[PDB]
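Q: Structure below; questions to follow.
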Ligand SMILES: [Zn+2]
Ligand SMILES: [Zn+2]
Ligand SMILES: [Zn+2]
């Protein structure tokens, strides 16, 4: 712990508790004075302070009973899925049953109904077919005791049972009633007027077949049609509705929606039961993609001879499908078809009568609405790459083509016009067909331009992912293996497909050389027969907490958002994986912050040591003002519409009860570690299993490598965070007051570093006017311009000495935060803050590595990315992998996937991935090129050193002329220059001036400088500059240089004259150094706090 207080963190009284206690899962000292109590419930009860902890006691107990019961009555222990479901059931919550292929939902429904009836609760079990009713009642009756009233109703019911069921359902206080969906639809009013505690729906689609059934099931727990209609109007509007707080409904549990949840009705579940009926989208895949270079039917024969059984062939059209069908029929392969005898051959393949199924992209994917058995399909063969093809003529041209062409050429800026209208608008301004197709082949990167027959081929990656996916799912708890083979000869098509497959599914496609058919086939078959065996289940449920919604979005993009429980302030998404369930949600910022109320500006002091005091953050959703103090309205605009992180915290504590294991996934810096602790400490009394993962990339790889590096919270980082926060708080408050009493305004000083930097700017203005040395620029004939000492007047430049030399130039190291901010904000007309934001969205959308790094280090994986990209662009002979550094916390800012900017633009305009402005693309382009340059070979250049005489003065100038050998200059342009000859160059024009030796600052220059002096950190740079701007201390001029204003000069003059100690560069650097030492556990937390306090105490007297 870090010895600090959190205002609502008591598990039992709901009030203030210390970090150190929550860490041990204890209630506050008020609730329980004892140091180390033996049993928490017992001790709370003894002292009569037992309040909310009861809830948890009763929870755990009432669960462990269930489990026990389940383990007794049934074979063995609960599976992870059923465990999560159980834990949700004792809370009385309603939900969808998201799970893979038949994990046993009916078993859980049965044992739930049994365990409930054991107390006295009445439940209902609904099934689509009338046979499932029979079977379920069968299985029920033999395991249920005499105390359980069991009835049934279906098609082939009797002549006195049909009425028996009705009278008993009318009066006789039943326990468990098993019936069809038909009965629900038919006897709506009868059920609607009855109240069930548990309702289990096996097939949601059958019951969602009618709109009345929604209101029926809703009225089967005790909800009037008034709330239903009100909620209906609200969902007809387009926003959310809220349930009356005075409602207690039963437990409705349903399975996953097969078809898309079409209609307006299901939204009533979102408001009355707080659960969304989702569909089962599983992205869990174990597929190996191999590519063969030639469409030779001999290769296909050999392959089929290896695979032998359960093969699925896909053809471009039906013509080549039939052709291949005939060729294989002749060669004595047991084969079937989809276009002629669909069902026959399909089910004959399902049984085993057929070894090879040949279909089309259009026939199979639209007629397989029947079954699609996964335990049979091992191999998928693609006879050509699935793709959409367009025509490249003046006519027959789509929208996006003419769009990307004209927008870049001349006609379009950013606009949308009717297609044929656009054709008729370019029908006059274009030149030729040749020039058109050339513009297409030059502009469009990432696709295939068949200029031969005038065609554009775009590989359909989605279709490939689906079709390939048909060979690998989860069966009997086992993620079985599958091989996907592609027969493609055109290198452009294959490369396109591979890039977009890496972009969406992050899956690699290998070559026939690096693939052993025997081994692969073996893995496939063996995993199959491993799934055939009797299952033992080790699936666990997992909760993952991150801080920003964007991370959660892109996480849901590769984990798959099946369903989403809305829990107070937050929206927890759930996904199915091969290792179990996986829940993830976003905090939306920080949770706790330093209080302003008491002590020394929030920091209290007891027993010689300092104790930080935090309270939950509140953000007005209207004006945007943030605060810590507990108020009902916004302290500024007096509005009640606020966001309260305490609600978020409570919600998290609620979710943490379902999950077996929890992982906090905040950014890998001090800030993130602080947040992670604020959360883990709060949750720790509730859940025993809490750990930390640091994701440097937001991709499947970043996540996997994060989980391999799981750990507990590092308290030195928390301590560091705290120390800096306290310095900014104390120094900021004191200096800001001292300025309140001098310049009127209230808030002015955010800290010490800010002031230091401002000093740099202010005094830079003074040492800029003194560097004013007179100069003169000379435009030369048959050459470039030349810069020489002022006041020249001979109009004749002579050449005296002239020599040349070859040199090998290494590239610049990869971007760090300072470097990135500087160069990117310089090359673009953007501020460092804008750049920083773009970087943040870039990392959080899983496109680059962590954007806050002070290391240039690069791993084998990064070098690997560079390597594969160079091998993709052909120039792989210029690859030179460089680690760049061994001393490194994280890597440098680099791309995560070998995809350049142009390809990204292509995928964006196409619609694969979205949400990237032009600026995002440009910044990414800079990062990418810098990284590859850093991974490219050294450029060998020839430069010359020309000594020229100008009016009695010898001046030498060195310039690059020839690039004798390429390297990294392909990504980062290396400027050449016209040669000087040993003659006499005459001056054309003399532009006299006096530009200063020591120039002014720019934002880039400032970041560079404070990096160069040891002031600030990667997370603070841009924020610092922006703050300087927002406080009016500084402005930008014509050529965008940073200049101090009146106010800034006044402020730094005052501060330097009076408080020179707390603004001096030496002091700031010494403090940065010492705190950075605290971060590494080298300097003492409490001691540096003592120091800061001791200088503050001195300041509070001036
Ligand atoms: Zn501790
Ligand atoms: Zn308490
Ligand atoms: Zn407000």
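Per Swiss-Prot, chain A residues shown: 2-1103, in order.
Backbone N, Cα and C atoms are what each Cβ position is placed from, and that goes for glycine too.
According to Swiss-Prot, the Zn(2+) 1 binding site annotation covers 11, 14, 29, 32. Here Swiss-Prot flags 75, 78, 83, 103, 105, 106, 107, 108 as ADP binding site. The annotation ATP binding site is assigned in Swiss-Prot to 83, 100, 101, 102, 103, 104, 105, 106, 107 on the grounds of sequence analysis. Annotation source Swiss-Prot lists Mg(2+) binding site at 548, 668, citing sequence analysis. According to Swiss-Prot, the feature Zn(2+) 2 binding site maps to 621, 624, 635, 638, an assignment based on experimental evidence. Swiss-Prot lists 300-522 with the feature domain 'Helicase C-terminal'. According to Swiss-Prot, the feature region 'Latch region' maps to 390-460, an assignment based on experimental evidence. Residues or ranges marked as zinc finger in Swiss-Prot: 618-645.
Give me the structural setting of these features: burial, nearby parts and distances.
A: Long-range neighbours of residue 11 (Zn(2+) 1 binding site) (same chain, six or more residues apart, CB within less than 8 Å of its CB): 17, 18, 28, 29, 31, 32.
The Cβ of residue 78 (ADP binding site) lies under 8 Å from the Cβ of 68, 71, 72, each on the same chain and at least six residues away in sequence.
The Cβ of residue 107 (ADP binding site) lies under 8 Å from the Cβ of 133, 137, 203, each on the same chain and at least six residues away in sequence.
If you take the C-beta of residue 548 (Mg(2+) binding site) and look for same-chain residues 6 or more apart in sequence within under 8 angstroms, you find 587, 588, 589, 590, 591, 667, 668, 673, 676. In the three-state DSSP classification, residue 548 (Mg(2+) binding site) falls within coil.
Neighbour list (residue 624 (Zn(2+) 2 binding site), Cβ cut-off 8 Å, at least 6 residues apart, same chain): 635, 637, 638, 640.
Residues of the same chain lying 6 or more positions beyond the ends of the zinc finger (618-645) and with a Cβ under 8 Å from any Cβ of it are 8, 570, 589-598.
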Q: Given residue 83 (ADP binding site) and residue 101 (ATP binding site), what distance in Å do their CA atoms have, once rounded to a whole number?
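A: Cα of residue 83 (ADP binding site) to Cα of residue 101 (ATP binding site) measures 12 Å after rounding.
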Q: By a 10 A CB contact count over all chains shown, which of the binding-site residues listed here is most packed: 83, 108?
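A: Max Cβ neighbours within 10 Å, all protein chains included: 83.
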Q: Determine which residues of this chain, when 83, 100, 101, 102, 103, 104, 105, 106, 107 are set aside, have a Cβ within 8 Å of the centroid of the ATP site's Cβ atoms, and list them as they appear in the sequence.
A: 82, 98, 108, 109
Q: DSSP three-state call for residue 638 (Zn(2+) 2 binding site): helix, strand or coil?
A: coil
Q: Could you name the residues, excluding 11, 14, 29, 32, of the same chain that surround the Zn(2+) 1 site, i.e. Cβ within 8 Å of the Cβ centre of those residues, in sequence order?
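A: Neighbours within 8 Å of the Cβ centroid, excluding 11, 14, 29, 32: 12, 13, 15, 16, 17, 18, 28, 30, 31, 33, 50.
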Q: Applying a 10 Å Cβ distance cut-off over all chains shown, what neighbour count does residue 668 (Mg(2+) binding site) have?
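A: Around residue 668 (Mg(2+) binding site), other Cβ atoms within 10 Å: 24.
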Q: Please find, for 75, 78, 83, 103, 105, 106, 107, 108 as listed binding ADP, the greatest distance between any two Cα atoms, in Å.
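A: Among the residues the record ties to ADP, max Cα distance equals 17 Å.
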Q: Taking 10 A as the limit, how many CB atoms besides its own sit near the CB of residue 29 (Zn(2+) 1 binding site)?
A: 21
Q: When you measure from each Cβ to the nearest atom of ligand 3, which of the binding-site residues 14, 108, 621 fall under 6 angstroms?
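A: Passing the 6 Å Cβ check against ligand 3: 621.
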Q: Taking DSSP as the reference, which of helix, strand or coil describes residue 11 (Zn(2+) 1 binding site)?
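A: DSSP call for residue 11 (Zn(2+) 1 binding site): coil, neither helix nor strand.
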Q: Listed binding-site residues: 83, 101, 668. Which have a CB under 6 angstroms from an atom of ligand 2?
A: none
